[PDB]
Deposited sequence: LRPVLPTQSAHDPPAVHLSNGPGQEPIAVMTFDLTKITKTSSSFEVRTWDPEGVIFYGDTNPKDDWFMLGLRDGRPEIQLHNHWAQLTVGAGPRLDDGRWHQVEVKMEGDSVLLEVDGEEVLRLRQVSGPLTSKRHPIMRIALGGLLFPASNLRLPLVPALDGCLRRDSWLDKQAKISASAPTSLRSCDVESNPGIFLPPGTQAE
């Protein structure tokens, strides 16, 4: 069962987590698209100075990140806009964030985060940002005309709230 990721650029779903209860710090999903550019997911504890975006630009994964330890805009991995399903896994390990595409590690951002446990509320938004696209380090057009399935986000034990699925649209 798959869902569409995208007129407005609002995300299709938002989840909130209690950071003091996170034990699993990874997320996995599959994505399919013919679209070269857009947001796959966004997360923050504060949209002004502690946020993260995973998207596509020119078909390839791009991460933008802004927190106390790091500020970066990085592209990596193969093009994903070929209309095939691709597995993507994001993992936080130690002080690094890892990106795996189709079971291959394609990017490791080292020394970018202290302990999640140590503002204890994190938001994850699917298919859009929780601020205007002009707030990005490098703007992109957020609407990703793609589909998402088999998605699991961090720790269901730590989840406080999740948006009304009434809005989800099947692919």
Task: Where the deposited sequence has no C-alpha coordinates (positions from 1, in order) - done: 1 to 13, 20 to 21, 134 to 135, 189 to 205
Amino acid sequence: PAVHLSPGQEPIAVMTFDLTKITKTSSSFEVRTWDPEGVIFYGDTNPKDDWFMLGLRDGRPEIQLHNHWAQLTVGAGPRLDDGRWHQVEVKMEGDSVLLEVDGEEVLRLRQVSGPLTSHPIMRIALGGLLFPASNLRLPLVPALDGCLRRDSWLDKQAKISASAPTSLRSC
From here on, numbers count along this sequence of modelled residues.
- [ ] Averaging only over Cα atoms, indicate whether 24 to 32 or 134 to 142 has the higher B-factor in the PDB entry.
- [x] 134 to 142
TODO: Compare the mean C-alpha B-factor of 108 to 116 with that of 53 to 61 as given in the PDB entry, and name the stretch with the higher value.
DONE: 108 to 116
TODO: Relative to the other modelled residues of the same chain, rank the CA B-factor of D81 and answer lowest, middle or highest third.
DONE: middle
TODO: Taking the chain's C-alpha temperature factors as the reference, tell me which third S161 falls into: lowest, middle or highest.
DONE: middle
Open item on the list: Among the modelled residues of this chain, does the Cα B factor of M15 put it in the lowest, middle or highest third?
Closed with: middle
